[PDB]
Structure formats: C-alpha cells, structure tokens
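Novice: Sharing input_30.pdb, PDB, C-alpha atoms (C1' of nucleotides):
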```pdb
MODEL        1
ATOM      1  CA  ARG F 201       0.000   0.000   0.000  1.00  0.00           C
ATOM      2  CA  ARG F 202       0.663   3.765  -0.171  1.00  0.00           C
ATOM      3  CA  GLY F 203       3.772   4.303  -2.336  1.00  0.00           C
ATOM      4  CA  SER F 204       3.894   6.900  -5.119  1.00  0.00           C
ATOM      5  CA  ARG F 205       5.569  10.377  -4.544  1.00  0.00           C
ATOM      6  CA  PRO F 206       3.520  12.421  -2.005  1.00  0.00           C
ATOM      7  CA  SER F 207       6.676  14.644  -1.726  1.00  0.00           C
ATOM      8  CA  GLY F 208       5.598  17.839   0.145  1.00  0.00           C
ATOM      9  CA  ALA F 209       6.378  20.577  -2.395  1.00  0.00           C
ATOM     10  CA  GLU F 210       5.352  18.258  -5.310  1.00  0.00           C
ATOM     11  CA  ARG F 211       2.112  17.158  -3.610  1.00  0.00           C
ATOM     12  CA  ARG F 212       1.316  20.907  -3.343  1.00  0.00           C
ATOM     13  CA  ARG F 213       0.700  20.956  -7.130  1.00  0.00           C
ATOM     14  CA  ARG F 214      -1.806  18.048  -6.744  1.00  0.00           C
ATOM     15  CA  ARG F 215      -3.404  19.545  -3.576  1.00  0.00           C
ATOM     16  CA  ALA F 216      -3.929  22.648  -5.768  1.00  0.00           C
ATOM     17  CA  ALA F 217      -5.847  20.365  -8.240  1.00  0.00           C
ATOM     18  CA  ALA F 218      -8.547  19.440  -5.674  1.00  0.00           C
ATOM     19  CA  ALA F 219      -9.342  23.180  -5.266  1.00  0.00           C
TER      20      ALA F 219
ATOM     21  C1'   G S   1      13.258  40.607  -0.101  1.00  0.00           C
ATOM     22  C1'   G S   2      13.613  35.783  -2.727  1.00  0.00           C
ATOM     23  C1'   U S   3      14.048  30.787  -4.477  1.00  0.00           C
ATOM     24  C1'   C S   4      14.264  25.481  -4.534  1.00  0.00           C
ATOM     25  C1'   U S   5      13.845  20.736  -2.344  1.00  0.00           C
ATOM     26  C1'   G S   6      11.094  16.687   0.278  1.00  0.00           C
ATOM     27  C1'   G S   7      10.419  13.096   3.983  1.00  0.00           C
ATOM     28  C1'   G S   8       8.615   9.655   8.452  1.00  0.00           C
ATOM     29  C1'   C S   9       4.375   9.614  11.133  1.00  0.00           C
ATOM     30  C1'   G S  10      -0.603   7.908  12.346  1.00  0.00           C
ATOM     31  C1'   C S  11      -6.418   6.043  12.117  1.00  0.00           C
ATOM     32  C1'   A S  12     -10.584   3.506   9.208  1.00  0.00           C
ATOM     33  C1'   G S  13     -12.939   0.355   5.546  1.00  0.00           C
ATOM     34  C1'   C S  14     -13.299  -6.204   3.262  1.00  0.00           C
ATOM     35  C1'   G S  15     -11.831 -11.768   2.927  1.00  0.00           C
ATOM     36  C1'   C S  16     -11.773 -19.153   0.422  1.00  0.00           C
ATOM     37  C1'   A S  17      -6.211 -16.600  -0.129  1.00  0.00           C
ATOM     38  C1'   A S  18      -3.877 -12.218  -0.785  1.00  0.00           C
ATOM     39  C1'   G S  19      -3.759  -7.081  -1.049  1.00  0.00           C
ATOM     40  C1'   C S  20      -5.789  -1.506  -2.417  1.00  0.00           C
ATOM     41  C1'   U S  21      -7.080   3.453  -1.174  1.00  0.00           C
ATOM     42  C1'   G S  22      -8.976   7.632   1.923  1.00  0.00           C
ATOM     43  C1'   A S  23     -11.061  17.235  -1.231  1.00  0.00           C
ATOM     44  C1'   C S  24      -8.065  11.646   5.991  1.00  0.00           C
ATOM     45  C1'   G S  25      -4.836  14.554   9.449  1.00  0.00           C
ATOM     46  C1'   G S  26      -1.897  17.600   5.819  1.00  0.00           C
ATOM     47  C1'   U S  27      -4.086  24.588   2.910  1.00  0.00           C
ATOM     48  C1'   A S  28       0.128  20.627   7.750  1.00  0.00           C
ATOM     49  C1'   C S  29       5.566  19.562   8.704  1.00  0.00           C
ATOM     50  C1'   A S  30      11.106  19.886   7.924  1.00  0.00           C
ATOM     51  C1'   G S  31      15.803  21.855   5.432  1.00  0.00           C
ATOM     52  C1'   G S  32      19.855  25.145   3.281  1.00  0.00           C
ATOM     53  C1'   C S  33      21.682  29.228   0.749  1.00  0.00           C
ATOM     54  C1'   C S  34      21.168  34.125  -1.315  1.00  0.00           C
TER      55        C S  34
ENDMDL
END
```
Using the file provided, produce a representation of the structure as structure tokens.

Specialist:
Amino acid sequence: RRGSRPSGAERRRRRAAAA
RNA sequence: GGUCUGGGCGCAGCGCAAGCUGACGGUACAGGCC
C-alpha cells in the first residue's frame, strides 16, 4: 500500500488540483 | 526581499487466499543558501 511520490512541495501541485 | 527541495508519522474500511485506497490529518511539517 501507499507508495507513489507524495513529496511535500510536489504534492502541493496536486493539492492545488482538488481546489 | 527571494528561491528550490522533500520526507517519516498515524487512524478507518473487506476476505476461500492475498492485497488496495482515503477534497483523511496535511491549505500541515522539515531543510539550506542568497
């Protein structure tokens, strides 16, 4: 389970796709 | 005044046998230079 790249500053760009 | 990186940590859902994910925490958190 749970293993891609949730890397903080990179995840930011995906977090900013939920919005 | 300004830029770039990104990691280890915890709760829930279903089985003949095994194994996913969570606008879940986290819009958080750490690090160095200029």

Novice: For a quick check of understanding, using all atoms listed in the file, which of S:4, S:20, S:29, S:34 has the smallest distance to residue 201 of chain F?

Specialist: S:20

Novice: Could you list the residues chosen by the PyMOL selection byres ((chain F and resi 212-217) around 12) in this structure as a PyMOL selection string?

Specialist: (chain F and resi 205-211+218-219) or (chain S and resi 6+23+26-28)

Novice: May I ask for the distance between atom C1' of residue 21 of chain S and atom CA of residue 202 of chain F, given in Å to one decimal place?

Specialist: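 Going from atom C1' of residue 21 of chain S over to atom CA of residue 202 of chain F covers 7.8 Å.
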
Novice: So what do you get for atom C1' of residue 9 of chain S versus atom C1' of residue 33 of chain S, distance-wise?

Specialist: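 Going from atom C1' of residue 9 of chain S over to atom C1' of residue 33 of chain S covers 28.1 Å.
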
Novice: Report the distance between atom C1' of residue 17 of chain S and atom CA of residue 204 of chain F in Å, rounded to one decimal place.

Specialist: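 The value is 26.1 Å.
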
Novice: Starting from the shown file, work through the PyMOL selection byres ((chain S and resi 22) around 10) and note down what comes out as a VMD selection string.

Specialist: chain S and resid 12 to 13 21 24

Novice: Rank S:10, S:30, S:18, S:2 by their smallest atom-to-atom distance to chain F, using all atoms listed in the file, and report the top residue only.

Specialist: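 Residue with the minimum atom-to-atom distance to chain F: S:30.
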